[PDB]
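Structural overview for review
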Amino acid sequence: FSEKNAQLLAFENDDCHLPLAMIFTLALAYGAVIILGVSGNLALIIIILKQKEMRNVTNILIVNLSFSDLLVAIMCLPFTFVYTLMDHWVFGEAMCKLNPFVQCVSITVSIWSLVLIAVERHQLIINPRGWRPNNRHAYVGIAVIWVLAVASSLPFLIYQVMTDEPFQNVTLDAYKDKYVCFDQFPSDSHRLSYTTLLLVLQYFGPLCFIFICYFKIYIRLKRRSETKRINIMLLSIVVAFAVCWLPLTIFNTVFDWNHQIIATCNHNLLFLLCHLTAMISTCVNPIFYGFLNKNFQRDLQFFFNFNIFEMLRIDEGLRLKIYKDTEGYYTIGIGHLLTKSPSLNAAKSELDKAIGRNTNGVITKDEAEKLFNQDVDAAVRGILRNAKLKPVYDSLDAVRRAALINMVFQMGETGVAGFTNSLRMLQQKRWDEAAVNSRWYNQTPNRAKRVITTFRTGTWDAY
Ligand SMILES: CCC(=O)NCCNC(=O)/N=C(/N)NCCC[C@@H](NC(=O)C(c1ccccc1)c1ccccc1)C(=O)NCc1ccc(O)cc1
């Protein structure tokens, strides 16, 4: 019973006529991505390997990614292109089976590397106390990724067939003896289950996890090492991969679910445009690393012109031992007042209660950060209970919210609400009119201007 022959795609729009101009344009485009892919990745592989850095996890995974993109450029990319133009497979059955297998292996190898890099960067910012990413851990990761990528791509090597059966329906009576390189899965269910597996496990799934990682990193930094340029580059590499693959993912998925569609001409041109777009991702990564260099950027910008914790550690400082403030009251950490009493034993008692240990007038930076976390949490709940503070805070962004929290750390919940004039203008987004509008600038001019600039601009110019 030929149930396998019914799992082969049907094509019937022999009237495929593209102007030589468009074909030549595609040959130059594919030619450009083939050279940029082979040249850019080889350069990236050699540059990372020759630059010996004792502990670099991210770049080892970028070599992994660029080596798989180097494989596609040699083994897949030229073969897939001429095959679509000629409209018959002139290579071996080996190349026929290798073409979708090697491409599928490479998609999984690239995205699961990007998954590990997102984890690596998540562990460096969210949990720096653990600092788990090591080179040995990456070497196991790459070996797991390749072994699993191959195993999960084998149905392409197994069921992709070099066949001439689809040629029976399109006349072909009777001179050509031509072959097409088509997938021939065991059933409709086998195809749909496997294609869904690939879509969920290699595209929608991994990208969801990565975007959650970079968003958890984004939100942490706003509440809270010049590797910011790196994190923006790595994010723009995932966005690049996802955006280049999206049209091909949509195209292929439509054909996986509606396998009874007669593949026309228009579908051949549509596939080429989609495929070429997906091939752009195999050469963008080295162009990101090249444009990362600070000197080259300085040349570029000259030719073409185109956080609460850190804010308060500057404005109030960080102390691990009990000290007297400007008023003489016993403080600790980031402006944390213990008592307004003259007693030192009372302060040490209040400190021992807050921490839950016999501190003996001394704490660690972790106990100092937690005490500050407790302070800002108590400061934010007080802002919400206040009728003048709750509406202005809600309208304010994370940068200007940090400046309003900085203010409550200096005066208090009642002191800040005393600025009836300025609070109204900050609520109405009139920042410059509010910045010009107290004894606060008279007592400390340096600190007051540092927070006024953040209320006016909405960035960290002063810090
Ligand atoms: C695409 C990204 C993704 O993550 N997709 C998850 C879900 N589905 C999925 O991957 N499906 C398939 N069928 N992969 C092999 C595509 C081979 C080929 N496409 C076709 O012949 C399709 C076709 C149809 C009409 C005209 C021209 C081309 C076609 C699609 C479906 C059935 C039959 C023919 C092609 O795009 N080759 C490059 C390639 C190879 C492996 C791979 O995993 C991704 C990309």
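Shown above is the structure to which this text applies.
We now turn to the structure provided with this report. (Residues numbered from 1 in each chain as written, not as in the entry; some residues may be left out. Heavy atoms only, no water. Residues with missing side-chain atoms left out of burial classes, pairs and counts.)

**Regarding the environment of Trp 112**
- Here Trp 112 lies in helix 4 (residues 93–125).
- Residues within four places of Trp 112 in sequence aside, it is in contact with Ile 145, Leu 201, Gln 202 and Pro 206.
- Here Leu 201 takes part through its backbone oxygen, which lies 3.0 Å from a polar atom of the side chain of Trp 112. (Helix = DSSP H or I, 4+ residues; strand = E, 2+ residues; numbered from the N terminus. Contact = heavy atoms within 4.5 Å. Polar contact = N/O pair within 3.5 Å; in protein donor to acceptor, adjacent residues only side chain to side chain.)

**Regarding the pattern of salt bridges**
- Per the counting criterion, the structure on display carries 13 salt bridges.
- With a shortest N-O distance of 3.2 Å, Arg 450 and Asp 315 are connected by a salt bridge.
- By relative accessible area, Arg 450 is classed as partly exposed at 23%.
- Exposure remark for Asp 315: the relative accessible area of 10% places this residue in the buried category.
- The salt bridge involving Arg 447 is made with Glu 316; its shortest N-O contact spans 3.9 Å.
- Judged by its relative accessible area of 23%, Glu 316 falls in the partly exposed class. (Salt bridge = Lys/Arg side-chain N within 4 Å of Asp/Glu carboxyl O. Buried < 20%, exposed > 50% of the residue type's maximum accessible area, 1.4 Å probe, protein only.)

**What about the state of the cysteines?**
- For the structure on display, the rule yields two disulfides.
- One disulfide bridge connects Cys 16 with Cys 265, the sulfur atoms lying 2.0 Å from each other. Between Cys 16 and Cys 265 the disulfide shows an S-S torsion of about -125°. By sign, it is left-handed.
- Note on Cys 16: relative accessible area 29%, which makes it partly exposed.
- Take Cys 265: its relative accessible area is 10%, and that puts it in the buried class.
- Across the disulfide from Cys 96 sits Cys 181; the S-S distance is 2.0 Å. An S-S torsion of about 105° defines the bridge between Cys 96 and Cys 181 as right-handed. Within this pair, whereas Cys 96 is found in helix 4, its partner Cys 181 is found in strand 3 (residues 180–183), the two being separated by 85 residues in sequence.
- Among the residues examined, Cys 96 registers a relative accessible area of 0% and is labelled buried.
- Note on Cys 181: relative accessible area 9%, which makes it buried.
- When the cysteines engaged in disulfides are numbered in sequence order, the protein chain pairs them as 1-4, 2-3.
- In this model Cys 76 remains outside any disulfide bridge; the closest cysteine sulfur is found in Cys 104, 10 Å from its own. (Disulfide = S-S within 2.5 Å.)

**Notes on helix 10 (residues 308–315)**
- Within helix 10, the full set of buried residues consists of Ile 308, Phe 309, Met 311, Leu 312 and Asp 315. Viewed end-on, helix 10 has its buried residues packed into an arc of 160°, placing them on one side of the element.
- Of the surrounding elements, those touching the buried residues of helix 10 are helix 6 (188–223), helix 12 (365–385), helix 14 (398–410) and helix 19 (445–456).
- Among the residues trailing helix 10, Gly 317 stands out with phi positive, at a value near 75°. (Arc of directions from axis to C-beta.)

**What about the site of the ligand?**
- In the neighbourhood of the ligand, 20 residues make up the surrounding shell, with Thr 195, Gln 202, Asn 252, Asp 256 and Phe 271 lying closest.
- Within the side chain of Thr 195, an N or O atom sits 2.8 Å from a nitrogen atom of the ligand.
- For the ligand, an oxygen atom lies 3.0 Å from a polar atom in the side chain of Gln 202.
- When the ligand sits alone it has 800 Å² of accessible area, and the protein chains cover 91% of it.
- Top element by residues in the shell around the ligand is helix 7 (residues 228–257). It accounts for seven residues.
- Per-class residue counts for the shell around the ligand are ten nonpolar, eight polar and two charged. (Near = heavy atom within 4 Å. Areas by Shrake-Rupley, 256 points an atom, 1.4 Å probe, with all protein chains shown as cover. Nonpolar A, V, L, I, M, F, W, Y, C, P; charged D, E, K, R; others polar.)

**Regarding the nonpolar core**
- Ranked by internal contacts, the top residues of the largest apolar core, which has 63 residues, are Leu 114, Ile 210 and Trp 245.
- Counting residues per element, the ones that place at least two in this core are helix 1 (20–50), helix 2 (57–75), helix 3 (77–86), helix 4, helix 5 (135–159), helix 6, helix 7 and helix 8 (265–290).
- If one sorts the elements of this core by residue count, helix 4 sits on top with twelve residues.
- Not counting residues within four places of it along the chain, the set of residues in contact with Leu 114 comprises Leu 65, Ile 210, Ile 237, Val 238 and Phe 241.
- Core analysis: the next-biggest nonpolar cluster, separate from the first, contains 31 residues, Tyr 393, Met 407, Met 425 and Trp 440 among them. (Core = buried A, V, L, I, M, F, W, Y, C linked by side-chain atoms within 4.5 Å.)

**What about the packing of aromatic side chains?**
- Under the counting rule described, the total for this entry stands at 22 aromatic pairs.
- Measuring from ring centre to ring centre gives 5.5 Å for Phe 156 and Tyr 194, while their planes differ by 70°; the resulting arrangement is edge-to-face. Here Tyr 194 lies in helix 6 and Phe 156 lies in helix 5, a separation of 38 residues in the sequence. Across this residue pair, the class does not change: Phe 156 and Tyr 194 are buried.
- A connected cluster of aromatic rings, assembled from ring pairs, spans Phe 79, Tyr 83, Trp 89 and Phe 91.
- Sitting over the ring of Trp 431, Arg 400 keeps its end group 4.0 Å from the ring centre.
- A cation sits over an aromatic face here: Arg 401 above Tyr 393, 5.0 Å from the ring centre. (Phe/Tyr/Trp six-rings, centres within 6.5 Å; stacked < 30°, edge-to-face > 60°. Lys NZ or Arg CZ within 6 Å of the ring centre and 35° of its normal.)

By themselves, these are just geometric observations and shouldn't be taken as functional.
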